[PDB]
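What follows is a pair of forms of the same protein chain, given separately as structure tokens and numbered structure 1 and structure 2.
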Structure 1
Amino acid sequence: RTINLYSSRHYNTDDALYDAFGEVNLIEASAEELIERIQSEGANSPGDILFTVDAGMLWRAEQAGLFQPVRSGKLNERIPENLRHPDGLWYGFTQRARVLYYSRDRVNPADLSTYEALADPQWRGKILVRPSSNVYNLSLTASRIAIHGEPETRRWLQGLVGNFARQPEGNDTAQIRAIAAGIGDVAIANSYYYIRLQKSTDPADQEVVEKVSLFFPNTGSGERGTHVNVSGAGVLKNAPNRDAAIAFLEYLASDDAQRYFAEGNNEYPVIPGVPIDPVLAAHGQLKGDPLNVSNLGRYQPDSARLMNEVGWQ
């Protein structure tokens, strides 16, 4: 089995995982760069699979026409419907949650509930989130548009931005560290960043863990579930090894591969029953929003528009 895999994700157990499959010739760059490279390659791309992170980036690839639909009984049986494209263009293989982090000292978790509630006036001066250009934020806002519509999402964004502790700066972990530094009290950031800190041998990172806690939002009655997003992949339009490409996707969905692929970046498998990293699992069961993740891409342009309209820098 041989394939040319273009991937914006690589951690290093991946190589034993890929070897077990066959020859996987890896091409690596950032997601936007790989999409553009494939675009440049016209009808002659040697790529079989594009693997990237965030349904918002899969949508950018999809928009550029990069994928061919595939029909695999195995992928359909195993991968939850809401974690794959309705037309079979791409499939999620890991998921992450965009959670809340809070100051243990300064925030009672009983006062937390939903993303939507962070627009409430009590959070004035307290909210930490990275810039609006980031695809994780584009996708969270996109999910809110899918759920609530544009007017309601605008009102939420207006409150949320109003409550910023500072103009967005830094990456997701920068928001977590900002709580510990006393700059703000509640941050929105992905789950796996906190697991990194917990696993760190750096005593400074343990200080952050001691001071800041993880809270899963939106798990109460009528709240839908925590926002989830995926890393995943689809078969490229002109894939020279189409059978092998589909076989690779099926392999990535296998119990063995799922377990250690998800471990790579402290993410959750997409396959139920596959063991979850113990440090991640100790935070509790993931109760994800059932929204089809294709909606994260669908409302990406509207999300950028609304976030910029209300002054989220």
Structure 2
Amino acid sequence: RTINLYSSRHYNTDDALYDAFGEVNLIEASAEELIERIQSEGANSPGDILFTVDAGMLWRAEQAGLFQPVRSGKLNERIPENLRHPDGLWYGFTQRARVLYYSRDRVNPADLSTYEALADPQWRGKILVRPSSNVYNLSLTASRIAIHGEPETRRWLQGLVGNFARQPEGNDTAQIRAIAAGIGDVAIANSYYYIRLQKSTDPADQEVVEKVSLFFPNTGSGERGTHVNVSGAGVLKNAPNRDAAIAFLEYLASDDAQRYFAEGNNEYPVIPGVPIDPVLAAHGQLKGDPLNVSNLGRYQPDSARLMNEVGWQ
């Protein structure tokens, strides 16, 4: 049982997941780089699976004609109707929330509400987010354009960029740490990164958790919900290990794999039969935005374009 896996995932604890399945050859790069590669390789690509951390990039790979369909009883039963492709071209295996983090010392959480409100001039020199090319931010801005239209997203972005603590650098975790070091006050980053810190024995990670808290945005009165994205995969069209590939997707939907995603990388499992991690549950029930995740991919070029325009570097 052996695959060639094209992964844009970036979690060292993922290795244990791959080993538990079988012989797994990793081809790891950014989703964009992986898509261009599968394309340039043509009918000769040895790739079996494309595993991303973004429904947007899944949507684009799917639009490009990269996935072959995979119907099976197990998948059909274990993956929610909305977190997958109707024809089964790809499946979402985890869910994750793009949340807000804030300084417990400098921020009153009664001041927080939405991503939108962060363009208020009251956050001059106070916001931390990672670079615009990142897929998480792409998706977020794309969902905003879907929901509010371009002019309003442009406005939000103009405002938000003006409120940057520094030129964006570092990953989601780096923005959480920067809050602790007092470089900024509020950060946009994914939920599961914070839970990792809460479980860490590292005294420096407890120092970040002691200083920084998680706030769910857009969950209040009249608000749509938290931006939720998904990590997912589908079988590539020229898979030389077609059988092993399907075995992998079903393996990702298995109690074991979902239990790993839940309590090893602190994401939200998608299958019934596995609980959300207690440390993640302690924060509250996830109130995610209903938006069809196809929008995330549909508005990606506009998102890239817009963030370029306002100067989000």
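Counting starts at 1 and follows the sequence of structure 1. Between two forms, the rigid core is the largest collection of C-alphas that superpose within 1.5 Å.
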Taking the rigid core as the superposition reference, indicate whether the CA of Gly170 shifts 2 angstroms or more between structures 1 and 2.
no
Establish whether a shift of 2 Å or more occurs at the C-alpha of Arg71 between structures 1 and 2, with the two forms superposed on the rigid core.
yes
Classify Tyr101 as shifted (yes) or not shifted (no) between structures 1 and 2, where shifted means its C-alpha moves by 2 Å or more with the rigid core superposed.
no
Superpose on the rigid core and then read off how far the CA of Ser8 has moved between structures 1 and 2, in Å.
4.3
How many angstrom apart are the two C-alpha positions of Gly56 between structures 1 and 2, if you fit on the rigid core?
1.8
Rigid core fixed, the Cα of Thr114 shifts between structures 1 and 2, in Å, by 0.2
